[PDB]
Structures are given as C-alpha cells and as structure tokens.
Amino acid sequence: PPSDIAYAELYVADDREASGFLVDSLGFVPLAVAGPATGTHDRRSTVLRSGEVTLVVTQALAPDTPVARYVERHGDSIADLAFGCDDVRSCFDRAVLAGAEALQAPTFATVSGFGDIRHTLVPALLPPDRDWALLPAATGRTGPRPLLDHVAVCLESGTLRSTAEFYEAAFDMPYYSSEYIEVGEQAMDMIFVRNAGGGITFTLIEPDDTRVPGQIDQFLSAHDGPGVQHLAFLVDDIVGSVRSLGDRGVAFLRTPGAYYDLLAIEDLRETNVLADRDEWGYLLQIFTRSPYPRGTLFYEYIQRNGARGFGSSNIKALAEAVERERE
Ligand SMILES: O=C(O)[C@H](O)c1ccccc1
Ligand SMILES: [Co+2]
C-alpha cells in the first residue's frame, strides 16, 4: 500500500492569486509548469515545493472543463491527494478491492476516496499525467523541512466510521486515535488514521448532528461537500516561522491572553501558538486564516518535540480560534 503523500493538487479560479500567496507569503518555490506550450490545453499547472511538501496549483483555461466545473462547485479546493507507492499496480488493486472506484486505470493510476476527492497513485517526482517544463529551482536540493504532517478532512454526518473503514482497507491507514470535541453548543467527532510507516496521517472530522451546527457544517456548505479543510506542515521552529511568515503578510488565528496565563511562554503568547503534550513530548500548533474566497481551506504549522500524536487540549483551542474567526 501507499507509503507517503506524493503531492496535493489545488484547483483554483485564479492561479496568479493562489500561487502568489503560497510563494510570496508561505515561501513555496515554483519547480515546474505545464500548459498549452507543453501540450496541456485545458489548464495551466504549477508545481510548488517547500522542503518535502509538494503542491500543484491548477487553473482551468476554458469554461465547462472538469477543472472549471470542480472550481465552480467547490471554490478553490484540494481535488487530488496523490499517494506514492513502491508498486502502483499492487496499491491500485488493493484499493479497487476495498471498493475504491477506478477513475483512471494503470496507464500511474487514479482511484476515488472520500467525497469527490481523487487519489492518483504514483511511483514512490512531478505528476506523471502531464509533461513539465522545469524551472532552474527544480534542479537543486530541497530541505528535509517542512514536511506534510497530516491532512484534515471534513466529512458529512454519519460517514465517519465508514470513511475510516475504507481508508484502513484501501490504503492500510488504520485507526490511530479519536477525539470528541465540544465548542459552545456544537461538537465534532474525529478519528486520526495513520499508516504503519507514519508517512500518511489523515484527520477525519464529522460534525455531531445531535448538537447545533458549527464550523464543520459551515465548511461542508461553503465547500459544498466533504473536502480537505487543512494541510499541516511540520517545521523545526514554529515561533521563528510564525514571525517571518507574519512579516510576509500571513494572518494567523488569534488566541486570548487568558490561555497563556494558565499555561518560552512569552514567545507563544506573542505568536498565538498553542502548546499541548502526549506521553512522549510536546507539540506546538497554529492555524492561518483561510486565504481563499469561500473561507474553506487553510494551513497549519506544527512543531513536534517528541510528541507522536495529537493533544485534545490543542484541538479544542484550535477549534475555539476557528469559531472566534468564524463570527
Ligand atoms: O491539528 C489537529 O490536531 C487536527 O487536524 C484538528 C482537526 C480539527 C480541529 C483542530 C485540529
Ligand atoms: Co491539524
């Protein structure tokens, strides 16, 4: 089965705006591009990289193409979470066996997943379905950080268990941990799934329909269905990163000073970074505001100092920061 996430592909209405924020604010570097001059007539795509995180930003160049249809439905959104496989044929078979729809058969392959996401399957390197014109930066060595810590996915009520069962069977990503999180009168249920290697961690999040609609329901109506709510990037110095990023225009969600009174500490306070711990050490986390029109996808920065999993105290204070922002 898949060892790692190869890349995430963002479908967008305006790649100037979307890639501009990822490059000029977050610091991603363009590596390669595809478009009419490389034989890809219906869209322009750009591969961006930072450390080991690869994002592909893709914009339709004609109305009523699949990309254009996707973006009209969902807004700017992740449409593809690509898996790197030691043996693609084997990954594809195991996935179809588990009930994954065959969206394109091994010509590299594409299977379905939660909501209308795609999972392109690729050798564990740029996407294999299009031909790429390289930038000079593509020919140079990349840092080991940042790396993609986990992907958070919003699911419709009553689909959490069967989504998790699918990911266990299709991709060998079994249960890792679960949390039930309450904010005000709303709540959400989540399961973290993770493969044996630890290369792939998803947060599967469903809203609790026995409580009052909240931020997960809002995500689902804005995005118009299940989708990726956030990508989290693992960094060595989240305080430093949040300082430089803040300088390049990045808006992070704020936490009240109250939280810091309870809880180095002056550094976290200043940066609105959240701290929690597991049996093996601490983790620091922060969310950015969504930079997209519908207020859906956003980014997370995480630093692990020994922590292997996730802390229920950070999850709650993150979800509180999103609600303060939502209002
Ligand atoms: O970062 C995490 O622990 C996790 O993906 C998460 C999901 C939903 C709200 C807050 C946090
Ligand atoms: Co997260």
# chains A, B, ... in the order shown; residues from 1 in each chain; ligands from 1
call {"tool": "select_by_dssp", "arguments": {"residues": "region 138-250 of chain A", "states": "helix (DSSP H, G or I)", "output": "PDB file with N, CA, C and O atoms, in the first residue's frame"}}
result
ATOM      1  N   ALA A 138      14.153  23.539  -9.978  1.00  0.00           N
ATOM      2  CA  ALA A 138      13.806  22.142  -9.951  1.00  0.00           C
ATOM      3  C   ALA A 138      15.091  21.310  -9.908  1.00  0.00           C
ATOM      4  O   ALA A 138      15.033  20.116  -9.654  1.00  0.00           O
ATOM      5  N   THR A 139      16.235  21.915 -10.229  1.00  0.00           N
ATOM      6  CA  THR A 139      17.471  21.139 -10.496  1.00  0.00           C
ATOM      7  C   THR A 139      18.349  21.206  -9.260  1.00  0.00           C
ATOM      8  O   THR A 139      19.518  20.853  -9.327  1.00  0.00           O
ATOM      9  N   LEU A 160     -18.364   9.129   9.244  1.00  0.00           N
ATOM     10  CA  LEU A 160     -17.040   8.940   9.832  1.00  0.00           C
ATOM     11  C   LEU A 160     -16.569   7.473   9.866  1.00  0.00           C
ATOM     12  O   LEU A 160     -15.447   7.190   9.482  1.00  0.00           O
ATOM     13  N   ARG A 161     -17.407   6.537  10.337  1.00  0.00           N
ATOM     14  CA  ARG A 161     -16.934   5.152  10.521  1.00  0.00           C
ATOM     15  C   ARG A 161     -16.665   4.534   9.194  1.00  0.00           C
ATOM     16  O   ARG A 161     -15.666   3.866   8.999  1.00  0.00           O
ATOM     17  N   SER A 162     -17.565   4.733   8.256  1.00  0.00           N
ATOM     18  CA  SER A 162     -17.378   4.008   7.007  1.00  0.00           C
ATOM     19  C   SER A 162     -16.219   4.624   6.167  1.00  0.00           C
ATOM     20  O   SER A 162     -15.522   3.906   5.440  1.00  0.00           O
ATOM     21  N   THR A 163     -15.978   5.927   6.337  1.00  0.00           N
ATOM     22  CA  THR A 163     -14.746   6.560   5.744  1.00  0.00           C
ATOM     23  C   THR A 163     -13.521   5.973   6.348  1.00  0.00           C
ATOM     24  O   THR A 163     -12.598   5.526   5.616  1.00  0.00           O
ATOM     25  N   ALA A 164     -13.454   5.925   7.688  1.00  0.00           N
ATOM     26  CA  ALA A 164     -12.308   5.241   8.291  1.00  0.00           C
ATOM     27  C   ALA A 164     -12.084   3.779   7.904  1.00  0.00           C
ATOM     28  O   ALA A 164     -10.937   3.360   7.805  1.00  0.00           O
ATOM     29  N   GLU A 165     -13.163   3.023   7.767  1.00  0.00           N
ATOM     30  CA  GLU A 165     -13.093   1.624   7.351  1.00  0.00           C
ATOM     31  C   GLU A 165     -12.518   1.497   5.921  1.00  0.00           C
ATOM     32  O   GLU A 165     -11.613   0.663   5.686  1.00  0.00           O
ATOM     33  N   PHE A 166     -13.033   2.311   4.992  1.00  0.00           N
ATOM     34  CA  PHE A 166     -12.435   2.466   3.676  1.00  0.00           C
ATOM     35  C   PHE A 166     -10.929   2.769   3.697  1.00  0.00           C
ATOM     36  O   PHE A 166     -10.168   2.082   3.030  1.00  0.00           O
ATOM     37  N   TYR A 167     -10.476   3.753   4.472  1.00  0.00           N
ATOM     38  CA  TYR A 167      -9.041   4.065   4.481  1.00  0.00           C
ATOM     39  C   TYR A 167      -8.170   2.965   5.069  1.00  0.00           C
ATOM     40  O   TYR A 167      -7.056   2.745   4.599  1.00  0.00           O
ATOM     41  N   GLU A 168      -8.685   2.251   6.091  1.00  0.00           N
ATOM     42  CA  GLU A 168      -7.993   1.071   6.625  1.00  0.00           C
ATOM     43  C   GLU A 168      -7.805   0.039   5.490  1.00  0.00           C
ATOM     44  O   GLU A 168      -6.675  -0.513   5.293  1.00  0.00           O
ATOM     45  N   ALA A 169      -8.889  -0.225   4.755  1.00  0.00           N
ATOM     46  CA  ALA A 169      -8.873  -1.376   3.853  1.00  0.00           C
ATOM     47  C   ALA A 169      -8.185  -1.054   2.542  1.00  0.00           C
ATOM     48  O   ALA A 169      -7.365  -1.852   2.060  1.00  0.00           O
ATOM     49  N   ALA A 170      -8.534   0.110   1.982  1.00  0.00           N
ATOM     50  CA  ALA A 170      -7.976   0.579   0.690  1.00  0.00           C
ATOM     51  C   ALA A 170      -6.487   0.924   0.777  1.00  0.00           C
ATOM     52  O   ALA A 170      -5.708   0.520  -0.119  1.00  0.00           O
ATOM     53  N   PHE A 171      -6.063   1.575   1.861  1.00  0.00           N
ATOM     54  CA  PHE A 171      -4.736   2.164   1.869  1.00  0.00           C
ATOM     55  C   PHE A 171      -3.947   1.795   3.085  1.00  0.00           C
ATOM     56  O   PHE A 171      -2.826   2.300   3.330  1.00  0.00           O
ATOM     57  N   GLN A 215     -18.760  25.004  12.894  1.00  0.00           N
ATOM     58  CA  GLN A 215     -17.714  25.288  11.887  1.00  0.00           C
ATOM     59  C   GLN A 215     -17.554  24.127  10.868  1.00  0.00           C
ATOM     60  O   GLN A 215     -17.251  24.378   9.693  1.00  0.00           O
ATOM     61  N   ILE A 216     -17.777  22.860  11.265  1.00  0.00           N
ATOM     62  CA  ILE A 216     -17.644  21.795  10.291  1.00  0.00           C
ATOM     63  C   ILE A 216     -18.793  21.807   9.336  1.00  0.00           C
ATOM     64  O   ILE A 216     -18.640  21.549   8.131  1.00  0.00           O
ATOM     65  N   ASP A 217     -19.979  22.092   9.866  1.00  0.00           N
ATOM     66  CA  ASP A 217     -21.130  22.226   8.947  1.00  0.00           C
ATOM     67  C   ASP A 217     -20.930  23.411   7.964  1.00  0.00           C
ATOM     68  O   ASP A 217     -21.352  23.337   6.816  1.00  0.00           O
ATOM     69  N   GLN A 218     -20.426  24.518   8.484  1.00  0.00           N
ATOM     70  CA  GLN A 218     -20.152  25.668   7.654  1.00  0.00           C
ATOM     71  C   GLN A 218     -19.163  25.264   6.505  1.00  0.00           C
ATOM     72  O   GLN A 218     -19.394  25.541   5.327  1.00  0.00           O
ATOM     73  N   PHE A 219     -18.061  24.598   6.863  1.00  0.00           N
ATOM     74  CA  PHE A 219     -17.127  24.075   5.842  1.00  0.00           C
ATOM     75  C   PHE A 219     -17.832  23.273   4.756  1.00  0.00           C
ATOM     76  O   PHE A 219     -17.670  23.537   3.540  1.00  0.00           O
ATOM     77  N   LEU A 220     -18.660  22.310   5.171  1.00  0.00           N
ATOM     78  CA  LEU A 220     -19.381  21.476   4.213  1.00  0.00           C
ATOM     79  C   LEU A 220     -20.359  22.249   3.284  1.00  0.00           C
ATOM     80  O   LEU A 220     -20.481  21.901   2.096  1.00  0.00           O
ATOM     81  N   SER A 221     -21.052  23.267   3.800  1.00  0.00           N
ATOM     82  CA  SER A 221     -21.941  24.045   2.930  1.00  0.00           C
ATOM     83  C   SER A 221     -21.130  25.000   2.014  1.00  0.00           C
ATOM     84  O   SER A 221     -21.386  25.012   0.832  1.00  0.00           O
ATOM     85  N   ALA A 222     -20.113  25.690   2.543  1.00  0.00           N
ATOM     86  CA  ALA A 222     -19.258  26.561   1.683  1.00  0.00           C
ATOM     87  C   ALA A 222     -18.592  25.764   0.574  1.00  0.00           C
ATOM     88  O   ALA A 222     -18.647  26.151  -0.604  1.00  0.00           O
ATOM     89  N   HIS A 223     -17.959  24.638   0.944  1.00  0.00           N
ATOM     90  CA  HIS A 223     -17.238  23.804   0.019  1.00  0.00           C
ATOM     91  C   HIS A 223     -18.188  22.977  -0.794  1.00  0.00           C
ATOM     92  O   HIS A 223     -17.815  22.428  -1.868  1.00  0.00           O
ATOM     93  N   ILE A 238       8.528  26.805  15.126  1.00  0.00           N
ATOM     94  CA  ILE A 238       7.278  27.405  14.766  1.00  0.00           C
ATOM     95  C   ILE A 238       7.235  28.863  15.187  1.00  0.00           C
ATOM     96  O   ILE A 238       6.626  29.672  14.505  1.00  0.00           O
ATOM     97  N   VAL A 239       7.839  29.212  16.327  1.00  0.00           N
ATOM     98  CA  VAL A 239       7.889  30.641  16.719  1.00  0.00           C
ATOM     99  C   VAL A 239       8.586  31.497  15.659  1.00  0.00           C
ATOM    100  O   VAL A 239       8.023  32.487  15.210  1.00  0.00           O
ATOM    101  N   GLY A 240       9.795  31.113  15.279  1.00  0.00           N
ATOM    102  CA  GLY A 240      10.508  31.799  14.185  1.00  0.00           C
ATOM    103  C   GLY A 240       9.725  31.854  12.883  1.00  0.00           C
ATOM    104  O   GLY A 240       9.572  32.910  12.307  1.00  0.00           O
ATOM    105  N   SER A 241       9.202  30.709  12.419  1.00  0.00           N
ATOM    106  CA  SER A 241       8.374  30.669  11.203  1.00  0.00           C
ATOM    107  C   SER A 241       7.201  31.600  11.306  1.00  0.00           C
ATOM    108  O   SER A 241       6.892  32.354  10.364  1.00  0.00           O
ATOM    109  N   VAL A 242       6.521  31.579  12.446  1.00  0.00           N
ATOM    110  CA  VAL A 242       5.344  32.462  12.564  1.00  0.00           C
ATOM    111  C   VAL A 242       5.753  33.935  12.537  1.00  0.00           C
ATOM    112  O   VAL A 242       5.044  34.781  11.929  1.00  0.00           O
ATOM    113  N   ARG A 243       6.864  34.258  13.186  1.00  0.00           N
ATOM    114  CA  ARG A 243       7.442  35.625  12.988  1.00  0.00           C
ATOM    115  C   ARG A 243       7.759  35.961  11.509  1.00  0.00           C
ATOM    116  O   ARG A 243       7.193  36.941  10.977  1.00  0.00           O
ATOM    117  N   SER A 244       8.622  35.197  10.838  1.00  0.00           N
ATOM    118  CA  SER A 244       8.847  35.546   9.399  1.00  0.00           C
ATOM    119  C   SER A 244       7.597  35.512   8.559  1.00  0.00           C
ATOM    120  O   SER A 244       7.393  36.396   7.731  1.00  0.00           O
ATOM    121  N   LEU A 245       6.720  34.523   8.768  1.00  0.00           N
ATOM    122  CA  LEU A 245       5.522  34.480   7.937  1.00  0.00           C
ATOM    123  C   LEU A 245       4.646  35.697   8.194  1.00  0.00           C
ATOM    124  O   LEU A 245       3.958  36.238   7.279  1.00  0.00           O
ATOM    125  N   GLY A 246       4.592  36.085   9.467  1.00  0.00           N
ATOM    126  CA  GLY A 246       3.747  37.239   9.860  1.00  0.00           C
ATOM    127  C   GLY A 246       4.201  38.475   9.100  1.00  0.00           C
ATOM    128  O   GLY A 246       3.380  39.208   8.552  1.00  0.00           O
ATOM    129  N   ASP A 247       5.522  38.619   9.010  1.00  0.00           N
ATOM    130  CA  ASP A 247       6.211  39.656   8.218  1.00  0.00           C
ATOM    131  C   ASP A 247       5.865  39.643   6.735  1.00  0.00           C
ATOM    132  O   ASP A 247       5.798  40.712   6.124  1.00  0.00           O
TER     133      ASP A 247
END
call {"tool": "select_by_dssp", "arguments": {"residues": "region 25-188 of chain A", "states": "strand (DSSP E)", "output": "JSON, numbers by chain"}}
result
{"A": [29, 30, 31, 32, 33, 34, 43, 44, 45, 46, 47, 48, 49, 50, 53, 54, 55, 56, 57, 58, 59, 60, 77, 78, 79, 80, 81, 82, 83, 84, 85, 102, 103, 104, 109, 110, 111, 112, 118, 119, 120, 121, 122, 123, 133, 134, 147, 148, 149, 150, 151, 152, 153, 154, 175, 176, 177, 178, 179, 180, 181, 182, 183, 186, 187, 188]}
call {"tool": "residues_near_ligand", "arguments": {"ligand": "ligand 1", "cutoff": "9 Å", "atoms": "only C-alpha atoms and all ligand atoms", "output": "ChimeraX atom specification"}}
result
/A:150-154,181,188,190,192,202-205,216,229-232,285-287,300-302,309-312,314-320,322
call {"tool": "residues_around", "arguments": {"residues": "residue 126 (chain A)", "least_positions_apart": "6", "cutoff": "10 Å", "atoms": "only C-alpha atoms", "output": "list in words"}}
result
residues 6, 7, 31, 32, 33, 47, 48, 54, 56, 132, 134 and 138 of chain A
call {"tool": "closest_residue", "arguments": {"among": "A:257, A:214, A:119, A:148", "to": "ligand 2", "atoms": "only C-alpha atoms and all ligand atoms"}}
result
A:148
call {"tool": "closest_residue", "arguments": {"among": "A:146, A:158, A:128, A:213", "to": "residue 304 (chain A)", "atoms": "only C-alpha atoms"}}
result
A:146
call {"tool": "residues_around", "arguments": {"residues": "residue 38 (chain A)", "least_positions_apart": "4", "cutoff": "10 Å", "atoms": "only C-alpha atoms", "output": "PDB file with N, CA, C and O atoms, in the first residue's frame"}}
result
ATOM      1  N   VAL A  33       6.214  23.792 -14.659  1.00  0.00           N
ATOM      2  CA  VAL A  33       4.903  24.248 -15.121  1.00  0.00           C
ATOM      3  C   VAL A  33       4.471  23.461 -16.311  1.00  0.00           C
ATOM      4  O   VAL A  33       5.305  22.946 -17.058  1.00  0.00           O
ATOM      5  N   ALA A  34       3.153  23.400 -16.527  1.00  0.00           N
ATOM      6  CA  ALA A  34       2.556  22.740 -17.700  1.00  0.00           C
ATOM      7  C   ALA A  34       1.431  23.628 -18.194  1.00  0.00           C
ATOM      8  O   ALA A  34       0.839  24.418 -17.433  1.00  0.00           O
ATOM      9  N   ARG A  44      -3.608  25.375 -16.929  1.00  0.00           N
ATOM     10  CA  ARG A  44      -2.245  25.690 -16.552  1.00  0.00           C
ATOM     11  C   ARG A  44      -1.955  25.120 -15.166  1.00  0.00           C
ATOM     12  O   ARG A  44      -2.720  25.409 -14.239  1.00  0.00           O
ATOM     13  N   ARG A 130       1.284  14.636 -17.062  1.00  0.00           N
ATOM     14  CA  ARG A 130       1.316  15.805 -17.952  1.00  0.00           C
ATOM     15  C   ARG A 130       2.805  15.980 -18.148  1.00  0.00           C
ATOM     16  O   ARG A 130       3.535  15.300 -17.438  1.00  0.00           O
ATOM     17  N   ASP A 131       3.287  16.789 -19.045  1.00  0.00           N
ATOM     18  CA  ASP A 131       4.768  16.861 -19.255  1.00  0.00           C
ATOM     19  C   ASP A 131       5.087  18.232 -18.805  1.00  0.00           C
ATOM     20  O   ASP A 131       4.337  19.132 -18.989  1.00  0.00           O
ATOM     21  N   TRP A 132       6.248  18.353 -18.230  1.00  0.00           N
ATOM     22  CA  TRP A 132       6.567  19.500 -17.339  1.00  0.00           C
ATOM     23  C   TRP A 132       7.736  20.269 -17.952  1.00  0.00           C
ATOM     24  O   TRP A 132       8.719  19.678 -18.328  1.00  0.00           O
ATOM     25  N   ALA A 133       7.565  21.554 -18.128  1.00  0.00           N
ATOM     26  CA  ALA A 133       8.751  22.438 -18.293  1.00  0.00           C
ATOM     27  C   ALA A 133       9.382  22.862 -16.949  1.00  0.00           C
ATOM     28  O   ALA A 133       8.782  23.615 -16.179  1.00  0.00           O
TER      29      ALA A 133
END
call {"tool": "closest_residue", "arguments": {"among": "A:157, A:120, A:201, A:290", "to": "ligand 2", "atoms": "only C-alpha atoms and all ligand atoms"}}
result
A:201
call {"tool": "closest_residue", "arguments": {"among": "A:105, A:191, A:8, A:79", "to": "residue 127 (chain A)", "atoms": "only C-alpha atoms"}}
result
A:8
